[PDB]
Amino acid sequence: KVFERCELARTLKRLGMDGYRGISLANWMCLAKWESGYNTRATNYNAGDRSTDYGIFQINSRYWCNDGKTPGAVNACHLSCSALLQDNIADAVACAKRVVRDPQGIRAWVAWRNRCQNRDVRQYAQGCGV
């Protein structure tokens, strides 16, 4: 499923992402935008280390979900990576919450550093009624 901007903003708020571990909703929106373009079925294979990024937040199989084919991987979210490809994003949000519970927080995603950090991210959530 490819979410529309405001549709996603409203869903993330209902799921309790606004201010989660200090991260505002607009930052989560910026992250989803640059990671998958708000697409829940997006996958990206990293030939360099044999891991794959799954879903709307592009969560990595090396540490967060289990796909069975990633060498020396763990499954911190205790989810099959398949769960991160559903149209319903409840599982992906629960896993995203787990990722930022680590010391790096939102910085765990390099895309956030490159395109969201120290920027005016208001635009991503503006005018959505949240």
# chains A, B, ... in the order shown; residues from 1 in each chain; ligands from 1

$ residues_around --residues "region 120-127 of chain A" --least-positions-apart "3" --cutoff "12 Å" --atoms "only C-alpha atoms" --output "PDB file with N, CA, C and O atoms, in the first residue's frame"
ATOM      1  N   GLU A   4      -1.150   8.052   1.430  1.00  0.00           N
ATOM      2  CA  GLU A   4      -1.163   9.444   1.001  1.00  0.00           C
ATOM      3  C   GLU A   4      -0.577  10.109   2.240  1.00  0.00           C
ATOM      4  O   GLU A   4      -0.714   9.572   3.347  1.00  0.00           O
ATOM      5  N   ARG A   5       0.059  11.260   2.065  1.00  0.00           N
ATOM      6  CA  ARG A   5       0.714  11.965   3.171  1.00  0.00           C
ATOM      7  C   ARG A   5      -0.109  12.165   4.432  1.00  0.00           C
ATOM      8  O   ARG A   5       0.274  11.700   5.509  1.00  0.00           O
ATOM      9  N   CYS A   6      -1.238  12.858   4.322  1.00  0.00           N
ATOM     10  CA  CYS A   6      -2.048  13.095   5.511  1.00  0.00           C
ATOM     11  C   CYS A   6      -2.692  11.851   6.088  1.00  0.00           C
ATOM     12  O   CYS A   6      -2.858  11.751   7.302  1.00  0.00           O
ATOM     13  N   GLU A   7      -2.996  10.885   5.232  1.00  0.00           N
ATOM     14  CA  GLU A   7      -3.575   9.633   5.672  1.00  0.00           C
ATOM     15  C   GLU A   7      -2.581   8.983   6.637  1.00  0.00           C
ATOM     16  O   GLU A   7      -2.932   8.572   7.753  1.00  0.00           O
ATOM     17  N   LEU A   8      -1.319   8.945   6.226  1.00  0.00           N
ATOM     18  CA  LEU A   8      -0.278   8.357   7.061  1.00  0.00           C
ATOM     19  C   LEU A   8      -0.075   9.135   8.372  1.00  0.00           C
ATOM     20  O   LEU A   8       0.105   8.534   9.426  1.00  0.00           O
ATOM     21  N   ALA A   9      -0.075  10.464   8.292  1.00  0.00           N
ATOM     22  CA  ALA A   9       0.133  11.318   9.456  1.00  0.00           C
ATOM     23  C   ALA A   9      -0.895  10.996  10.522  1.00  0.00           C
ATOM     24  O   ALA A   9      -0.550  10.792  11.692  1.00  0.00           O
ATOM     25  N   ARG A  10      -2.159  10.920  10.103  1.00  0.00           N
ATOM     26  CA  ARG A  10      -3.262  10.607  11.018  1.00  0.00           C
ATOM     27  C   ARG A  10      -3.139   9.210  11.633  1.00  0.00           C
ATOM     28  O   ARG A  10      -3.328   9.055  12.839  1.00  0.00           O
ATOM     29  N   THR A  11      -2.728   8.227  10.829  1.00  0.00           N
ATOM     30  CA  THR A  11      -2.548   6.859  11.308  1.00  0.00           C
ATOM     31  C   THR A  11      -1.431   6.801  12.365  1.00  0.00           C
ATOM     32  O   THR A  11      -1.624   6.242  13.445  1.00  0.00           O
ATOM     33  N   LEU A  12      -0.282   7.414  12.075  1.00  0.00           N
ATOM     34  CA  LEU A  12       0.848   7.414  13.008  1.00  0.00           C
ATOM     35  C   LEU A  12       0.495   8.057  14.357  1.00  0.00           C
ATOM     36  O   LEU A  12       0.939   7.590  15.408  1.00  0.00           O
ATOM     37  N   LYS A  13      -0.320   9.110  14.332  1.00  0.00           N
ATOM     38  CA  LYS A  13      -0.737   9.758  15.571  1.00  0.00           C
ATOM     39  C   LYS A  13      -1.621   8.817  16.400  1.00  0.00           C
ATOM     40  O   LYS A  13      -1.475   8.708  17.616  1.00  0.00           O
ATOM     41  N   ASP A  18       3.539  10.228  17.975  1.00  0.00           N
ATOM     42  CA  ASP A  18       3.859  11.627  18.221  1.00  0.00           C
ATOM     43  C   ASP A  18       4.577  11.841  19.553  1.00  0.00           C
ATOM     44  O   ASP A  18       3.981  11.700  20.622  1.00  0.00           O
ATOM     45  N   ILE A  23      10.574  11.764  19.795  1.00  0.00           N
ATOM     46  CA  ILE A  23      10.553  12.005  18.352  1.00  0.00           C
ATOM     47  C   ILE A  23       9.189  12.500  17.875  1.00  0.00           C
ATOM     48  O   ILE A  23       8.203  11.771  17.949  1.00  0.00           O
ATOM     49  N   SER A  24       9.145  13.725  17.356  1.00  0.00           N
ATOM     50  CA  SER A  24       7.898  14.309  16.878  1.00  0.00           C
ATOM     51  C   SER A  24       7.373  13.574  15.634  1.00  0.00           C
ATOM     52  O   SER A  24       8.132  12.960  14.868  1.00  0.00           O
ATOM     53  N   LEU A  25       6.081  13.706  15.404  1.00  0.00           N
ATOM     54  CA  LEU A  25       5.428  13.081  14.272  1.00  0.00           C
ATOM     55  C   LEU A  25       6.062  13.474  12.927  1.00  0.00           C
ATOM     56  O   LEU A  25       6.266  12.618  12.060  1.00  0.00           O
ATOM     57  N   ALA A  26       6.375  14.756  12.750  1.00  0.00           N
ATOM     58  CA  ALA A  26       6.965  15.230  11.497  1.00  0.00           C
ATOM     59  C   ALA A  26       8.298  14.537  11.160  1.00  0.00           C
ATOM     60  O   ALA A  26       8.638  14.372   9.980  1.00  0.00           O
ATOM     61  N   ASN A  27       9.030  14.106  12.185  1.00  0.00           N
ATOM     62  CA  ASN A  27      10.302  13.407  11.968  1.00  0.00           C
ATOM     63  C   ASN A  27      10.037  12.004  11.452  1.00  0.00           C
ATOM     64  O   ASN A  27      10.763  11.500  10.585  1.00  0.00           O
ATOM     65  N   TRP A  28       8.997  11.372  11.991  1.00  0.00           N
ATOM     66  CA  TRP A  28       8.625  10.025  11.558  1.00  0.00           C
ATOM     67  C   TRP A  28       8.142  10.114  10.111  1.00  0.00           C
ATOM     68  O   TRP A  28       8.437   9.236   9.291  1.00  0.00           O
ATOM     69  N   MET A  29       7.393  11.168   9.795  1.00  0.00           N
ATOM     70  CA  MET A  29       6.903  11.366   8.427  1.00  0.00           C
ATOM     71  C   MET A  29       8.097  11.559   7.452  1.00  0.00           C
ATOM     72  O   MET A  29       8.136  10.983   6.364  1.00  0.00           O
ATOM     73  N   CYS A  30       9.065  12.374   7.853  1.00  0.00           N
ATOM     74  CA  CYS A  30      10.251  12.617   7.038  1.00  0.00           C
ATOM     75  C   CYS A  30      10.970  11.293   6.803  1.00  0.00           C
ATOM     76  O   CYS A  30      11.396  11.007   5.685  1.00  0.00           O
ATOM     77  N   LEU A  31      11.076  10.476   7.849  1.00  0.00           N
ATOM     78  CA  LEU A  31      11.735   9.181   7.737  1.00  0.00           C
ATOM     79  C   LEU A  31      11.015   8.261   6.743  1.00  0.00           C
ATOM     80  O   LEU A  31      11.658   7.696   5.862  1.00  0.00           O
ATOM     81  N   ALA A  32       9.698   8.105   6.878  1.00  0.00           N
ATOM     82  CA  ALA A  32       8.931   7.239   5.964  1.00  0.00           C
ATOM     83  C   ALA A  32       9.043   7.713   4.519  1.00  0.00           C
ATOM     84  O   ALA A  32       9.164   6.901   3.591  1.00  0.00           O
ATOM     85  N   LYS A  33       9.000   9.032   4.334  1.00  0.00           N
ATOM     86  CA  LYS A  33       9.101   9.645   3.008  1.00  0.00           C
ATOM     87  C   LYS A  33      10.393   9.252   2.292  1.00  0.00           C
ATOM     88  O   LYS A  33      10.366   8.742   1.171  1.00  0.00           O
ATOM     89  N   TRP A  34      11.524   9.470   2.948  1.00  0.00           N
ATOM     90  CA  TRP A  34      12.814   9.157   2.356  1.00  0.00           C
ATOM     91  C   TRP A  34      13.179   7.689   2.324  1.00  0.00           C
ATOM     92  O   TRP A  34      13.928   7.266   1.454  1.00  0.00           O
ATOM     93  N   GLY A  37       9.008   6.216   0.487  1.00  0.00           N
ATOM     94  CA  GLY A  37       8.040   6.981  -0.278  1.00  0.00           C
ATOM     95  C   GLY A  37       6.637   6.597   0.200  1.00  0.00           C
ATOM     96  O   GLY A  37       5.669   6.594  -0.580  1.00  0.00           O
ATOM     97  N   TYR A  38       6.524   6.272   1.490  1.00  0.00           N
ATOM     98  CA  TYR A  38       5.244   5.879   2.105  1.00  0.00           C
ATOM     99  C   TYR A  38       4.683   4.576   1.523  1.00  0.00           C
ATOM    100  O   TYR A  38       3.470   4.375   1.507  1.00  0.00           O
ATOM    101  N   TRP A 112      17.664   9.439   7.860  1.00  0.00           N
ATOM    102  CA  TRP A 112      17.166  10.510   8.725  1.00  0.00           C
ATOM    103  C   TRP A 112      18.242  11.583   8.908  1.00  0.00           C
ATOM    104  O   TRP A 112      17.951  12.774   8.879  1.00  0.00           O
ATOM    105  N   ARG A 115      18.674  13.510   5.323  1.00  0.00           N
ATOM    106  CA  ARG A 115      17.550  14.318   4.844  1.00  0.00           C
ATOM    107  C   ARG A 115      16.602  14.955   5.831  1.00  0.00           C
ATOM    108  O   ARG A 115      15.744  15.720   5.410  1.00  0.00           O
ATOM    109  N   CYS A 116      16.709  14.635   7.115  1.00  0.00           N
ATOM    110  CA  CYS A 116      15.751  15.171   8.088  1.00  0.00           C
ATOM    111  C   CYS A 116      16.365  15.971   9.232  1.00  0.00           C
ATOM    112  O   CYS A 116      15.805  16.978   9.664  1.00  0.00           O
ATOM    113  N   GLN A 117      17.483  15.476   9.750  1.00  0.00           N
ATOM    114  CA  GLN A 117      18.179  16.101  10.858  1.00  0.00           C
ATOM    115  C   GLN A 117      18.525  17.558  10.578  1.00  0.00           C
ATOM    116  O   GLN A 117      18.966  17.897   9.480  1.00  0.00           O
ATOM    117  N   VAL A 130      -3.477  16.893  12.482  1.00  0.00           N
ATOM    118  CA  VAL A 130      -2.852  16.169  13.599  1.00  0.00           C
ATOM    119  C   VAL A 130      -1.893  17.064  14.406  1.00  0.00           C
ATOM    120  O   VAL A 130      -1.514  18.151  13.907  1.00  0.00           O
TER     121      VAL A 130
END

$ residues_around --residues "residue 46 (chain A)" --least-positions-apart "3" --cutoff "12 Å" --atoms "only C-alpha atoms" --output "ChimeraX atom specification"
/A:43,49-54,58,60-62,70

$ residues_around --residues "residue 86 (chain A)" --least-positions-apart "4" --cutoff "12 Å" --atoms "only C-alpha atoms" --output "MDAnalysis selection string"
chainID A and resid 1:2 39:43 54:56 80:82 90:93

$ write_last_selection --atoms "C-alpha atoms" --output "PDB file, in the first residue's frame"
ATOM      1  CA  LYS A   1       0.000   0.000   0.000  1.00  0.00           C
ATOM      2  CA  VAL A   2       1.237   3.503  -0.891  1.00  0.00           C
ATOM      3  CA  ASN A  39       5.190   2.406   0.483  1.00  0.00           C
ATOM      4  CA  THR A  40       4.581  -0.587   2.780  1.00  0.00           C
ATOM      5  CA  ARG A  41       5.736  -3.248   0.290  1.00  0.00           C
ATOM      6  CA  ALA A  42       9.153  -1.697  -0.385  1.00  0.00           C
ATOM      7  CA  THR A  43      12.165  -3.979   0.033  1.00  0.00           C
ATOM      8  CA  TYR A  54      11.658  -4.118   4.753  1.00  0.00           C
ATOM      9  CA  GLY A  55       8.610  -1.920   4.541  1.00  0.00           C
ATOM     10  CA  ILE A  56       7.567   1.631   5.134  1.00  0.00           C
ATOM     11  CA  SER A  80       9.038 -12.382  10.653  1.00  0.00           C
ATOM     12  CA  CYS A  81      10.178  -9.733   8.168  1.00  0.00           C
ATOM     13  CA  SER A  82       6.995 -10.638   6.247  1.00  0.00           C
ATOM     14  CA  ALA A  90       0.628  -1.841  13.309  1.00  0.00           C
ATOM     15  CA  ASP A  91       3.514  -4.344  13.408  1.00  0.00           C
ATOM     16  CA  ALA A  92       5.928  -2.005  11.579  1.00  0.00           C
ATOM     17  CA  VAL A  93       5.126   0.784  14.070  1.00  0.00           C
TER      18      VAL A  93
END

$ select_by_dssp --residues "region 7-97 of chain A" --states "helix (DSSP H, G or I)" --output "VMD selection string"
chain A and resid 7 to 14 25 to 36 81 to 85 90 to 97

$ write_last_selection --atoms "N, CA and C atoms" --output "short mmCIF file (atom, residue, chain, number, x, y, z; two decimals), in the first residue's frame"
data_model
loop_
_atom_site.label_atom_id
_atom_site.label_comp_id
_atom_site.auth_asym_id
_atom_site.auth_seq_id
_atom_site.Cartn_x
_atom_site.Cartn_y
_atom_site.Cartn_z
N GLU A 7 -3.00 10.88 5.23
CA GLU A 7 -3.58 9.63 5.67
C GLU A 7 -2.58 8.98 6.64
N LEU A 8 -1.32 8.94 6.23
CA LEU A 8 -0.28 8.36 7.06
C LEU A 8 -0.08 9.14 8.37
N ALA A 9 -0.07 10.46 8.29
CA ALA A 9 0.13 11.32 9.46
C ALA A 9 -0.89 11.00 10.52
N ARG A 10 -2.16 10.92 10.10
CA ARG A 10 -3.26 10.61 11.02
C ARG A 10 -3.14 9.21 11.63
N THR A 11 -2.73 8.23 10.83
CA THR A 11 -2.55 6.86 11.31
C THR A 11 -1.43 6.80 12.36
N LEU A 12 -0.28 7.41 12.08
CA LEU A 12 0.85 7.41 13.01
C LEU A 12 0.50 8.06 14.36
N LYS A 13 -0.32 9.11 14.33
CA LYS A 13 -0.74 9.76 15.57
C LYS A 13 -1.62 8.82 16.40
N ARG A 14 -2.55 8.14 15.73
CA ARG A 14 -3.45 7.21 16.39
C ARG A 14 -2.65 6.06 17.02
N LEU A 25 6.08 13.71 15.40
CA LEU A 25 5.43 13.08 14.27
C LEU A 25 6.06 13.47 12.93
N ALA A 26 6.38 14.76 12.75
CA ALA A 26 6.96 15.23 11.50
C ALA A 26 8.30 14.54 11.16
N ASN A 27 9.03 14.11 12.19
CA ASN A 27 10.30 13.41 11.97
C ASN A 27 10.04 12.00 11.45
N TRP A 28 9.00 11.37 11.99
CA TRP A 28 8.62 10.02 11.56
C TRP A 28 8.14 10.11 10.11
N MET A 29 7.39 11.17 9.79
CA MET A 29 6.90 11.37 8.43
C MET A 29 8.10 11.56 7.45
N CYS A 30 9.06 12.37 7.85
CA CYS A 30 10.25 12.62 7.04
C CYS A 30 10.97 11.29 6.80
N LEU A 31 11.08 10.48 7.85
CA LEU A 31 11.73 9.18 7.74
C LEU A 31 11.01 8.26 6.74
N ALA A 32 9.70 8.10 6.88
CA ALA A 32 8.93 7.24 5.96
C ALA A 32 9.04 7.71 4.52
N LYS A 33 9.00 9.03 4.33
CA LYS A 33 9.10 9.64 3.01
C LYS A 33 10.39 9.25 2.29
N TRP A 34 11.52 9.47 2.95
CA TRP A 34 12.81 9.16 2.36
C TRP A 34 13.18 7.69 2.32
N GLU A 35 12.65 6.90 3.25
CA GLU A 35 12.94 5.48 3.25
C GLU A 35 12.18 4.67 2.19
N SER A 36 10.87 4.90 2.07
CA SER A 36 10.07 4.13 1.14
C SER A 36 9.11 4.92 0.27
N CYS A 81 10.08 -10.94 8.97
CA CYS A 81 10.18 -9.73 8.17
C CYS A 81 8.94 -9.57 7.28
N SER A 82 8.23 -10.67 7.04
CA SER A 82 7.00 -10.64 6.25
C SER A 82 5.96 -9.68 6.87
N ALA A 83 5.93 -9.62 8.20
CA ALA A 83 4.99 -8.75 8.93
C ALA A 83 5.19 -7.27 8.60
N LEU A 84 6.38 -6.92 8.15
CA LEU A 84 6.70 -5.54 7.81
C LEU A 84 6.35 -5.20 6.37
N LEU A 85 5.67 -6.11 5.69
CA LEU A 85 5.26 -5.87 4.31
C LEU A 85 3.73 -5.80 4.18
N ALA A 90 0.52 -1.67 11.85
CA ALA A 90 0.63 -1.84 13.31
C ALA A 90 1.93 -2.51 13.73
N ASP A 91 2.27 -3.63 13.09
CA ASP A 91 3.51 -4.34 13.41
C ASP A 91 4.78 -3.53 13.10
N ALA A 92 4.78 -2.83 11.96
CA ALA A 92 5.93 -2.01 11.58
C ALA A 92 6.15 -0.87 12.59
N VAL A 93 5.05 -0.30 13.10
CA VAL A 93 5.13 0.78 14.07
C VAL A 93 5.65 0.25 15.39
N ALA A 94 5.17 -0.93 15.79
CA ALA A 94 5.62 -1.54 17.03
C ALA A 94 7.12 -1.81 16.93
N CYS A 95 7.58 -2.24 15.76
CA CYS A 95 9.00 -2.52 15.58
C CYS A 95 9.82 -1.23 15.52
N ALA A 96 9.27 -0.20 14.86
CA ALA A 96 9.94 1.10 14.76
C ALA A 96 10.15 1.65 16.17
N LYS A 97 9.16 1.44 17.05
CA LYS A 97 9.25 1.90 18.44
C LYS A 97 10.40 1.18 19.16
#

$ select_by_dssp --residues "region 39-69 of chain A" --states "strand (DSSP E)" --output "ChimeraX atom specification"
/A:43-46,51-54,59-60

$ write_last_selection --atoms "C-alpha atoms" --output "PDB file, in the first residue's frame"
ATOM      1  CA  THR A  43      12.165  -3.979   0.033  1.00  0.00           C
ATOM      2  CA  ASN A  44      15.802  -3.325  -0.626  1.00  0.00           C
ATOM      3  CA  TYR A  45      18.514  -5.962  -0.752  1.00  0.00           C
ATOM      4  CA  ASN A  46      21.964  -4.852   0.495  1.00  0.00           C
ATOM      5  CA  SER A  51      20.711  -8.097   4.694  1.00  0.00           C
ATOM      6  CA  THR A  52      17.375  -6.714   3.413  1.00  0.00           C
ATOM      7  CA  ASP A  53      15.427  -3.571   4.433  1.00  0.00           C
ATOM      8  CA  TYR A  54      11.658  -4.118   4.753  1.00  0.00           C
ATOM      9  CA  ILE A  59      13.696  -1.940   8.878  1.00  0.00           C
ATOM     10  CA  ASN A  60      16.848  -4.097   8.563  1.00  0.00           C
TER      11      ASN A  60
END

$ atom_distance --atom1 "CA of residue 68 (chain A)" --atom2 "CA of residue 15 (chain A)"
28.6 Å

$ closest_residue --among "A:89, A:17, A:128, A:77" --to "residue 57 (chain A)" --atoms "only C-alpha atoms"
A:89
